Amino acid sequence: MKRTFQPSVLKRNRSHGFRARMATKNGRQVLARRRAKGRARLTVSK
Amino acid sequence: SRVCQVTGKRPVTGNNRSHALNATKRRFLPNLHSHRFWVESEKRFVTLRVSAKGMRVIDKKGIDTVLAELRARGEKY
Amino acid sequence: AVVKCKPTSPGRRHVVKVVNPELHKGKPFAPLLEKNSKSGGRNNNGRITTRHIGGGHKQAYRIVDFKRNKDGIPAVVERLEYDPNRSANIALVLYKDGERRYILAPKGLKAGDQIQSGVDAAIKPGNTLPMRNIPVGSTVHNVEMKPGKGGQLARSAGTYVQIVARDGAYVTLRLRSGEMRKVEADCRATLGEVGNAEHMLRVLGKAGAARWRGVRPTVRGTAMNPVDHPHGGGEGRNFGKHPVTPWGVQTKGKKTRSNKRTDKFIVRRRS
Amino acid sequence: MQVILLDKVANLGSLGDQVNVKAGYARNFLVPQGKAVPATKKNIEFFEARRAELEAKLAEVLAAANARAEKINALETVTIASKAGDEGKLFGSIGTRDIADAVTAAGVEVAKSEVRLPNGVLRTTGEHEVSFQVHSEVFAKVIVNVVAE
RNA sequence: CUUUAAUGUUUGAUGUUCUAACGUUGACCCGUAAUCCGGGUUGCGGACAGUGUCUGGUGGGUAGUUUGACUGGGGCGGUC
RNA sequence: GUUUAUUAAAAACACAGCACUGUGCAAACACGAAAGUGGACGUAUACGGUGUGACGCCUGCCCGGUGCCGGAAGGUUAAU
RNA sequence: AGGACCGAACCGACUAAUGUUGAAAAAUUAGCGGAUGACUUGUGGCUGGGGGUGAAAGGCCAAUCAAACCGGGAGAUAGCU
């Protein structure tokens, strides 16, 4: 309903993606951060 | 950008200041204008944006002398 | 014609609508239809620029021409239907040359009219020609700023403009607002008036009637906070202050637009 | 700067003449139009020894052009030529009447003029008539031609 | 020498016209079985619009800040 | 009809309707270092703003101040 | 024909009662309004922070909107506790 979260799988892959964020320079700082932190969990980048 | 290329003259953030000398800027900029220049060698119009102080300096070395040096920092496509 | 929808229901209480006989439906030729027509008022980089835009029917844009370059063998006028994408009634014209051209249906029709445009045309309302073959005092619609630019003003319902002068270089016209402006003598334009005049004579009847006309309600400032627009101060209301735009300039009077170039071609500004 | 002239146009020039000129003639008149070359102290010797050949053998068939500059800044012609009046006979085809254009114009909106009385424009010896429109009901016929200085 | 005339003349006004600058949000061609774009060709406007620098005027439009203190609570009044 | 999501749903907002005002397309205007974009592939019976609110009957008096607009002729006066 | 009536679905919340160390970070229960259009609803897309968006309340923007979230500047500074 008024719930903040409820799944839309598409959007995750295409807005929070590996390559749906790689283009922007800033969403390459994110990758850089989360690689050197040892982060490799992946927030749905597949 | 917004440069002369010839003299290279570019936007600086200078200020005329205030009268109580408070912090404020508005930028001093060059006089870039497209003036219709043409090569004779390849015989076509190669219109460049260049400043009007830049223009004085083009005149002073000879028009096709600054243009003799150009095409080693060329801009044309 | 214009017909009152008599009190029957509230919002039907008082309605003016227009029904006219020329409305004939069959759809214009597919190559002369494209797309939808809803915009929303947004830039092409997102974010609505212009408020009061959104709403309205689906529509289709209808691909129109009033330039009328052809001067070949006379034509004929086909159907007529109200073109939704503009403020006047249209008719498809078919040249016998093999051309299809739109016209904004100027009054007095035979639905088979012989359109020719020349340098004397068929000399009847509804033919385009270069504005020098007319006398002064003509009514002209699809006046243009350069020849081959095509129609662009006096292209609504019953908009046309009087030729006041046209001797020597340049043609002065009196635009509908008192405004004399001298345009080139080379420019085409159509003889006679433009058709439809019931655009003004349809004065709706309800709030909902206006919503589906592509527009959203215009909210007055004085019923909105200082910050949102001055003259408010809600709870108990407030009043004061010389009336301002949201851009802070005075709305009452305050003549605008100078460019010192297109202004050199305007000869007498408005009353 | 300074220039060696290549022309005689307006009230200055004389088909080669080292004079001082300003930056209203350079980047605004003579140049850019091929109607001058700088004079520096190198040029001053090159061009001058050169100009007693060029500005002689060439000069006396080009006199049309030199003349028309004055005639069109004052205005009394709408036909122009770079050769015409330099044999007793006129040459060219420039002129509103038969180029189907409007030229030598900088206030007048027109872009067409129709041909009326066939005589040729700079193709018949002597003056010819040019007819110039401002409407299809208002006109301004005139008698114009280009001759030498 | 003036008053004033004319010659050698200088220059600002206006006036006119022009392109040779410079713009084109007119037409056409070609790159191009790209309505984008450029150049070319033509027309138009035209030393103008306009922009750079400087400048006066305006400018709660916008910004940063301030707008004291005493006091039988503070206000309020008086006071310094 | 819309509304203070989730204590205030109305006498609030909105509204057809009225009036004023701006604006001739390169429109007013608006957005964006800009290019350019929206307005509109519309175009004065249009597009935008302001105030009032079906309908009916009506909408008096006052332009000084202030703003805005017109007249600026002349005088004052900056940069230089 | 109808921003038409009554009235399910559905969309929504004005009253009251019960709940308030709840079944619930707004419900349950019983009424109620709208209910063919200024309707309402799915999917995706497009708008962003002093901004959007707003039939306009300074409302709404991820249980945050008359003051967003995340990280840093930073040990900001606290004549105060």
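- cryo-EM is the method the PDB entry lists for this structure, together with a resolution of 5.50 Å.

- Under the PDB entry, the name given to chain C is 50S RIBOSOMAL PROTEIN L2, and the organism recorded is Escherichia coli.
- According to the record, the entry carries the title "Cryo-EM structures of the 50S ribosome subunit bound with ObgE".
- Taken directly from UniProt, the Sequence similarities text for chain C runs: "Belongs to the universal ribosomal protein uL2 family."

- With the PDB entry as reference, chain B is termed 50S RIBOSOMAL PROTEIN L28, source organism Escherichia coli.
- Per UniProt, chain B has the following entry under Subunit: "Part of the 50S ribosomal subunit."

### Things to note about the pairing of strand β5 (residues 139-144) of chain D
- Strand direction decides the pairing type here: strand β4 (residues 128-133) of chain D and β5 of chain D, joined by six bridges, are antiparallel. Each bridged residue has a counterpart across the sheet, and for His128 of chain D the counterpart in β5 of chain D is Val144 of chain D.

### A closer look at the protein's contact with RNA strand F
Residues and elements named next belong to chain C.
- Neighbouring residues of RNA strand F: 70 residues in total, closest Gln152, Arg176, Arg220, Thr251 and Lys252.
- The sugar-phosphate backbone supplies 74% of the atoms of RNA strand F found within 4 Å of the protein.
- Note that a base nitrogen of RNA strand F is positioned 2.9 Å from one of the backbone N or O atoms of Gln152.
- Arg269 has a polar side-chain atom sitting 3.2 Å from a phosphate oxygen of RNA strand F.
- Only β13 (179-183) and α1 (207-211) provide two or more residues apiece to the surface near RNA strand F.
- A class-by-class count of the residues in the surface near RNA strand F yields 20 nonpolar, 30 polar and 20 charged.

### Structural notes on the pattern of salt bridges
- Applying the stated criterion to the full structure yields 23 salt bridges over all chains.
- The residue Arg166 of chain C makes a salt bridge to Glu137 of chain D at a minimum N-O spacing of 3.3 Å. You can see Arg166 of chain C sitting in the loop between β11 (161-165) and β12 (171-175) and its partner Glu137 of chain D sitting in the loop between β4 and β5, one on each of two chains.
- In the salt-bridge network here, residues are joined through shared partners; they are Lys27, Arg62, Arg79 and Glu81 of chain C.

### Digging into the side chain of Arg62 of chain C
Residues and elements named next belong to chain C.
- For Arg62, the position within the fold is in strand β4 (residues 61-62).
- Among the polar contacts listed, one links the side chain of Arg62 to the side chain of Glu81, at a separation of 3.2 Å.
- Leaving out residues up to four positions away in the same chain, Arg62 has contacts with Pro28, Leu32, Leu33, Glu81, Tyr82, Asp83, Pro84, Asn85, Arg86 and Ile90.

### Considering the interface of chain C and chain D
- Of the residues lining the interface, 14 residues belong to chain C; the matching set on chain D comes to 12 residues.
- Where chain C abuts chain D, roughly 1,100 Å² becomes buried across the two surfaces, and 46% of that area is made up of carbon and sulfur atoms.
- The largest share of the area that chain C buries against chain D comes from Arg132, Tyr170 and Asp186 of chain C, three residues that together contribute 48% of it.
- Counting across the interface, chain C meets chain D through one salt bridge.
- Across the contact surface, chain C and chain D share nine residue pairs in polar contact.
- Taken together, the residues of the side of chain C that touches chain D sort by class into seven nonpolar, two polar and five charged.

### Focus: the sheet that holds strand β3 (residues 36-38) of chain D
Residues and elements named next belong to chain D.
- Taken in spatial order, the three strands line up as β2-β1-β3 in an open sheet, and their pairing is antiparallel. In the strand order of this sheet, the two ends are held by β2 (18-20) and β3, each with one partner. Direction aside, the axes of adjacent strands within the sheet are offset by 40° on average.
- Here strand β1 (residues 2-5) pairs with β2 via three bridges, running antiparallel. Looking at β2, one finds that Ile4 is bridged to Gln18.

### Focus on the protein's contact with RNA strand G
All names here are of chain C.
- Around RNA strand G, the surrounding shell holds 28 residues, and the nearest of these are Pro10, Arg12, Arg47, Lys206 and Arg216.
- When the atoms of RNA strand G within 4 Å of the protein are sorted by group, sugar and phosphate make up 60%.
- The dominant element in the surface near RNA strand G, judged by the number of residues it contributes, is α1, at three residues.

### Some points on the environment of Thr43 of chain A
- On the secondary structure map, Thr43 of chain A appears in the segment after α2 (26-36).
- Apart from the residues lying within four places of it in its own chain, the contact partners of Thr43 of chain A are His16, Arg21 and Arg34 of chain A.

Cut-offs and rules
- Residues numbered from 1 in each chain as written, not as in the entry; some residues may be left out.
- Chains lettered and ligands numbered in written order.
- Part of a larger assembly, values for the part shown.
- Heavy atoms only, no water.
- UniProt positions renumbered as here; feature names shortened; annotations may be inferred.
- Pairing = 2+ DSSP bridges.
- Helix = DSSP H or I, 4+ residues; strand = E, 2+ residues; numbered from the N terminus.
- Near = heavy atom within 4 Å.
- Polar contact = N/O pair within 3.5 Å; in protein donor to acceptor, adjacent residues only side chain to side chain.
- Nonpolar A, V, L, I, M, F, W, Y, C, P; charged D, E, K, R; others polar.
- Salt bridge = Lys/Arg side-chain N within 4 Å of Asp/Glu carboxyl O.
- Contact = heavy atoms within 4.5 Å.
- Buried area = accessible area lost by both parts, 1.4 Å probe.
- Axes fitted to C-alpha atoms, helices over the stretch in contact; angles between N-to-C directions.

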